[PDB]
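Enquirer:
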Ligand code: FES
Ligand code: FES
Ligand code: FES
Ligand code: FES
Ligand code: FES
Ligand code: FES
Ligand SMILES: [Fe+2]
Ligand SMILES: [Fe+2]
Ligand SMILES: [Fe+2]
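Protein chains in written order, with our numbering: chain A, 1 to 105; chain B, 106 to 215; chain C, 216 to 319; chain D, 320 to 707; chain E, 708 to 1095; chain F, 1096 to 1483.
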């Protein structure tokens, strides 16, 4: 049900970390201040990797065309994006970050 | 009609406001209050069919609500394009705090 | 070899003087502050006289098309000028302005 | 905005209208006649700057944007409808359903993550009175009646018409159609003599500004429009003069027509009665792009039975269409075209010198600015942009 | 202004000239020949970007702007001269007097408050030497002679010509005409051989700059121009060499011509004597719009009576027009067209690399920038703008 | 730059590429075949927006900018090569040497100070494999090998081809040629059937994204390119299904081709083997201007002697050219044309919705952005600008 991402200290606020899973598409973990969030890594507008994008607050900008998503809600923040990003439950326990196997129901 | 048309009391008009004066069998006039002074011109913009009394007054310049053209309310001369034809100016006087406007327009200056 | 141009005081600061040379192309003597420089007078981009241009610091702007040159190096400072200007060595001795015979 | 801000600032009375160069979004628009679109034969057209595809499946019409989501090519370049309910792009085979535009398959990669996740833009399509109407808007559409003039949809009202593309912005067409004094250009129309019509040259207005028209924004159907009442107090001109000398006469025919004129959003005119005392004319000026429009003409006439509908159709083909729609309205076409240059740079909206009868046009401009359902923009054409 | 300010800043020596893409306002311009405009037969033309209408009434010419004040259509789309002294717009019948452009009547509304209170733009028109000149300016016009080259108006000077529209900005045409070295393009003209002309290939300049031309700004009639004196101190080039070897020679004919060349504002060249020792050539390059001009060519030859006038006319039609105006100047036409691309983006005014003989053109550019009577702008065409 | 800055800011993965509307400067480009230019017969052409002139003197090719330094006219309007090694402008006779572009003479003024002090732009020209390559760049050129696909220059490789002008930006051409899934457009090609080729409708990607392509950042000669490896771990699709039903099948031929596909800077595709097992296709998409490109096609086959070359040449003319170069690639031509509108306003570079196989295109866009040798700008065309 959960995947070990990294130690909460390995991520500085405002940074992104890509999580490659076996047999499944990659995910992206963002650290907005002291809280962590996760979504699909692939931009819903194409085939770009959001982990290679730019994070401003709780908004992630795609490197391909400038589309953006709110990393908390996974909702489109900037055009041309229109399709909601899948959000995955994140959990910090004993100074370590974990991500849910499947996206939130 | 007659030489002087009674418009209203000078007190019924706030500085920088405009009042339309309708006349039986004649085109409407517009009376402007610039501070404590009064001026008047035809109410219809010379550039079209707009009512200048529905425009915006800035100092002594009235801006038409249709196309942005404007006129100097004292001289009736165009102040902003696309207006090019001067307005007829009608003398205004205050007799016992009562505002009166001429029934005939002033005859060409200089 | 050197050619006596004029007294340093014959030129106000920031001005330019055209120096004609029988049987040779005209020269331009520029006064930048209290310093003097010399180059070919004809703009390398056409037939304009640089002496009729605008001097801004050590850069002369051509009156024709706005091209420019650094009066010290002769190198273009602004387009459309591309061909470097001929620079002539200059020395002032005892308030007298002297310009080298040939470009250098 | 589609126009220089300096100009919009100047036309304080109808800026939204002046800015609506591409037309109003979120309104129904007629684009062709039902009989022009056959079962399983997709047809292309441009509406409000957007390339669209219309198809008939099991007798019902469907509309998809004619632009593949992938590399933006028009699907219509090479139509591939491989199953009854879908259309496949000729380039990389992305396949869409006509009913909801959903990307349901991709022949070049059946495993793509885009399948089932992307959706091509669809637009509501409705047929009425043998006319194909498309709702160029977003969300569930309002009743078609809201965007049609009164009586057009009457049960007994048999509708027949003609449609074509005209080279002028749609607004120039609308204003020319609702222009009370433009009647002067129709003074030599064959319809006048050949149909013994009464037709003045113009009108000497009478009454106050408000009496010149009847603005409608209290229509239970939601209709928004303006009635031209210049003839209620004005004296019609039948003898045109210059320096006091008569130089032209109006038509002293017996048939009274065009005394009930109204313009309705999004841009459809109702002329009643016309071209005959027992008929009505309904014409739309549909925006194709900023320089062109569909001049969708329809003539209506009550018909109690097939026998009447057939006799009506016969006279339509033999008389009305050639003598009226063409014989009368053809002059309106080049009239619209004649106004293109003055307004092409948007400066005409500022330099025009209007006179009395234009009060009807002013009323329309204000009504349209106040009650339109949206301003179509180039961004709507290429793809909405926002950093919100 | 009409040009990117960054470019104008660069051409300090003649910015007004470079900005005058549409030509200079407030000058007289020939636009057609008298015999081309007949009684009550309105002709249309575009001058300095403005659409104009010219008509001949009781023999006199009148000029009105071809654009109704109302909705800005060209009256010429459907001309309606209902009376001899007026013209009526085909749209809503606003009627104007040719004499002063006053809106004297409106057939569609005889009670309109606009009647007698609007005025359509008119421009002075004058016929001289069988040529029609229009003063495209405001206020009282100056004497025609001011905008004509010396001797064009002489009593006995018989003027004949030809006119056409050429696809190039007017300045390119002017410069090519006053270009001392362009003579090279005429080396194979049929006129050279067929009229035994002496024609060098170019000139090796002599003397200083000021001596290359003569700037005229003290003429009593007020005409402003420049004389090309390159031949006063320069050595004519008859043997063209490459690497010291003769590859081409000039013409060694007996007839000496074109040794008296001058260009005059607003843009007319005087070539004397040409194409024959007893004749003169006067040509105008009139601005129609930013991309085209009228190439108004005239040949003048003194004639003392009707007998010599007839003879000259016959020689003109059989020889001068085909051998000179066309046979010689046709090369000037494509030469002008060849410079279009380089100057079309206005960059050529900065990137051109001039040589000695261009001193004549620079003189002209300076004179034109200093003495022109006004810069025509796009606002003059649409309607002057100004905010309080 | 050449594109709206707001757009370039959005395409962070490849802004230089998107900005490279006019192509990449400082690279070699093929423009014609050697047999198309004969001794002393100058030929014109436009490359990267620049008008050029190519001539063959004593068997060797030379290239000069087709724009006179004086008034910017094209020398080619009227060619005047008066000596074997020079070209003289038809206007004022400024003469230039083909060898170095130096202004060696001016027939109209042999005393001009401009002589020997100006230089017309020249570009390196090289012939290889019967093809004429021009280095549209500044300074000393790199080896031609750097800008050619591997093996094109092999000693025994016989090259034969065809060239034409296609109406689409060069990039649209490049991406279509290197597009793994575009083969769907070739499903009905005569070549597939007539040459028993195996051709799937597309590929179901296999492995990771990194395995989809192979980038070559450097080579013996500094080549820069990308190999399409979608077929290494991908599953070829031979049955196209919609809703699970088979609506189309790929071609089950026996000849396996194009297993080796790569795109290289400045924009040349290598397909090996194609269109037959013993052959190779090398094709360039040369930028002419922002809207057009040369589609320079070539087919290569190793030949050990004149006998095989003769045979190959016969087969090329009778089969390969008409069946492959035209019968196969003609569909690529209209496919490129189909993408023009979407990218014409530069908005397609933002709004496109890519899918898996586009990894190939993305890899090329990044490679091109990172390794091109310069972005051609309109300033290079008119004349480089810069203020001190
Ligand atoms: S692929 Fe992310 S915005 Fe387009
Ligand atoms: S009606 Fe007043 S500016 Fe036009
Ligand atoms: S002549 Fe000096 S910048 Fe052109
Ligand atoms: S452009 Fe339509 S499937 Fe690729
Ligand atoms: S446009 Fe001329 S009268 Fe209306
Ligand atoms: S434009 Fe070529 S020599 Fe003058
Ligand atoms: Fe009409
Ligand atoms: Fe000439
Ligand atoms: Fe292909």
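Virtual Cβ for every residue (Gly too), placed ideally from N, Cα, C.
Looking at residue 26 (chain A) and ligand 1, is the gap between the Cβ and the nearest heavy atom below 7 Å?
Expert: No, ligand 1 has no heavy atom inside 7 Å of this Cβ.
Enquirer: Put residue 118 (chain B) into one of helix, strand or coil per three-state DSSP.
Expert: Residue 118 (chain B) falls in the coil class under three-state DSSP.
Enquirer: For residue 599 (chain D), which three-state DSSP category applies?
Expert: Residue state, collapsed to three classes: strand.
Enquirer: For residue 904 (chain E), name the three-state secondary structure that DSSP assigns.
Expert: In this structure, residue 904 (chain E) counts as strand in the three-state DSSP scheme.
Enquirer: Kindly indicate which residue of A:98, A:35, A:53 has the alpha-carbon position closest to the one of residue 3 (chain A).
Expert: Residue A:98 is the option with its Cα nearest to residue 3 (chain A).
Enquirer: Residues bridged to residue 1332 (chain F) by DSSP?
Expert: F:1297, per the DSSP bridge assignment.
Enquirer: Does the Cβ of residue 569 (chain D) lie closer than 7 Å to at least one heavy atom of ligand 7?
Expert: No; taking the cut-off as 7 Å, the Cβ of residue 569 (chain D) has no heavy atom of ligand 7 nearer than that.
Enquirer: For the pair the region 686–697 of chain D and the region 337–344 of chain D, tell me if three or more CB-CB distances fall below 8 Å.
Expert: Contact holds: three or more Cβ-Cβ distances are below 8 Å.
Enquirer: Measuring only between beta-carbons, confirm whether residue 820 (chain E) sits less than 8 Å from chain B.
Expert: Interface residue, yes.
Enquirer: Do residue 1147 (chain F) and residue 1161 (chain F) have their CB atoms nearer than 8 Å?
Expert: Yes.
Enquirer: Starting from residue 932 (chain E), trace the beta strand (DSSP E) in both directions and tell me its first and last residue.
Expert: Its beta strand (DSSP E) spans residues 932–935.
Enquirer: Taking CB distances under 8 Å as the criterion, tell me whether residue 420 (chain D) reaches chain F.
Expert: Taking Cβ atoms only, chain F never reaches closer than 8 Å to residue 420 (chain D), which makes this a no.
Enquirer: So what does DSSP say about residue 279 (chain C), is it helix, strand or coil?
Expert: Of the three classes helix, strand and coil, the one that applies to residue 279 (chain C) here is coil, per DSSP.
Enquirer: Do residue 1290 (chain F) and residue 1417 (chain F) have their C-beta atoms closer together than 8 Å?
Expert: No, these two residues do not count as a Cβ contact at 8 Å.
Enquirer: Is any heavy atom of ligand 4 found at a distance shorter than 7 Å from the C-beta of residue 390 (chain D)?
Expert: Yes, ligand 4 has a heavy atom inside 7 Å of this Cβ.
Enquirer: I'd like the ranges of any beta strand (DSSP E) spanning at least 3 consecutive residues and lying wholly in the region 239–299 of chain C.
Expert: Counting whole runs of 3 or more residues, the region 239–299 of chain C contains the beta strand (DSSP E) stretches 239–247, 250–255, 269–271, 274–276, 283–285, 291–293.
Enquirer: Got a sec: is the Cβ-Cβ distance from residue 666 (chain D) to anything in chain E below 8 Å?
Expert: It does; some Cβ of chain E falls within 8 Å.
Enquirer: Relative to ligand 1, what is the chain-ordered list of residues with a Cβ closer than 7 Å to any of its non-hydrogen atoms?
Expert: Working through the chain, the matches are A:43, A:45, A:46, A:47, A:48, A:62, A:64, A:65, A:66, A:67, A:80, A:81, F:1449.
Enquirer: At what residue ranges does the region 610–679 of chain D contain a whole run of the alpha helix (DSSP H), taking only runs of 4 or more?
Expert: Runs of the alpha helix (DSSP H) inside the region 610–679 of chain D: 625–634, 649–663, 667–670.
Enquirer: How long is the line joining the alpha carbons of residue 91 (chain A) and residue 50 (chain A), rounded to whole angstroms?
Expert: Near 21 Å, if we compare the C-alpha coordinates of residue 50 (chain A) and residue 91 (chain A).
Enquirer: Just list the alpha helix (DSSP H) runs in the region 805–865 of chain E, keeping only unbroken ones of 4 residues or longer that don't cross its boundaries, in chain order.
Expert: Those alpha helix (DSSP H) runs which fall completely within the region 805–865 of chain E and span 4+ residues do not exist here.
Enquirer: By the criterion of Cβ-Cβ separation under 7 Å, what are the contact partners of residue 80 (chain A) in chain F?
Expert: Within chain F, the residues near residue 80 (chain A) are 1445, 1446.
Enquirer: Counting only Cβ pairs nearer than 7 Å, list the residues of chain F close to residue 46 (chain A).
Expert: Result: 1448, 1449.
Enquirer: Closer than 8 Å, CB to CB, is residue 552 (chain D) near chain A or not?
Expert: No, residue 552 (chain D) does not count as interfacial toward chain A.
Enquirer: What three-state label does DSSP hand residue 1083 (chain E) in the structure shown?
Expert: Coil, per DSSP.
Enquirer: Give a yes or no on whether 8 Å exceeds the smallest Cβ distance from residue 1453 (chain F) to chain A.
Expert: At least one chain A Cβ lies under 8 Å of residue 1453 (chain F).
Enquirer: Please report the residue range of the beta strand (DSSP E) in which residue 1359 (chain F) lies.
Expert: Its beta strand (DSSP E) spans residues 1355–1359.
Enquirer: Tell me residue 1125 (chain F)'s beta-bridge partners as DSSP assigns them.
Expert: Looking at the DSSP assignment, residue 1125 (chain F) forms a beta bridge with F:1228.
Enquirer: Can you pull out the residues from the region 257–284 of chain C whose beta carbon lies closer than 7 Å to at least one beta carbon of chain E?
Expert: Those residues of the region 257–284 of chain C that come within reach of chain E (Cβ to Cβ, closer than 7 Å) are 260, 261, 262, 278, 279, 280, 281.
Enquirer: Pull up the distance between the alpha-carbon of residue 455 (chain D) and that of residue 768 (chain E), whole angstroms please.
Expert: Cα to Cα, residue 455 (chain D) sits roughly 54 Å from residue 768 (chain E).
Enquirer: Residue 889 (chain E) touches chain F at which residues, Cβ-Cβ below 7 Å?
Expert: Those are 1186, 1187, listed as they occur along chain F.
Enquirer: If you count every other CB in all the chains shown that lies within 10 Å of the CB of residue 1307 (chain F), and 16 or more means buried, which is it?
Expert: Under this definition residue 1307 (chain F) is a buried residue.
Enquirer: Name the residues in the region 943–972 of chain E whose C-beta lies less than 8 Å from a C-beta of chain F; which are they?
Expert: Listed by position along the chain: 944, 947, 948, 949, 950, 952, 954, 955.
Enquirer: Mind pulling the chain D residues with CB within less than 9 Å of residue 83 (chain A)?
Expert: Here the neighbours are 436, 437, 438.
Enquirer: Can you find a CB in chain E that lies within less than 8 Å of the CB of residue 132 (chain B)?
Expert: Output row for residue 132 (chain B): interface = yes.
Enquirer: Output, in sequence order along the chain, the residues in the region 693–707 of chain D whose CB is closer than 8 Å to any CB in chain F.
Expert: Within the region 693–707 of chain D, the residues whose Cβ lies closer than 8 Å to some Cβ of chain F are 701, 702, listed in chain order.
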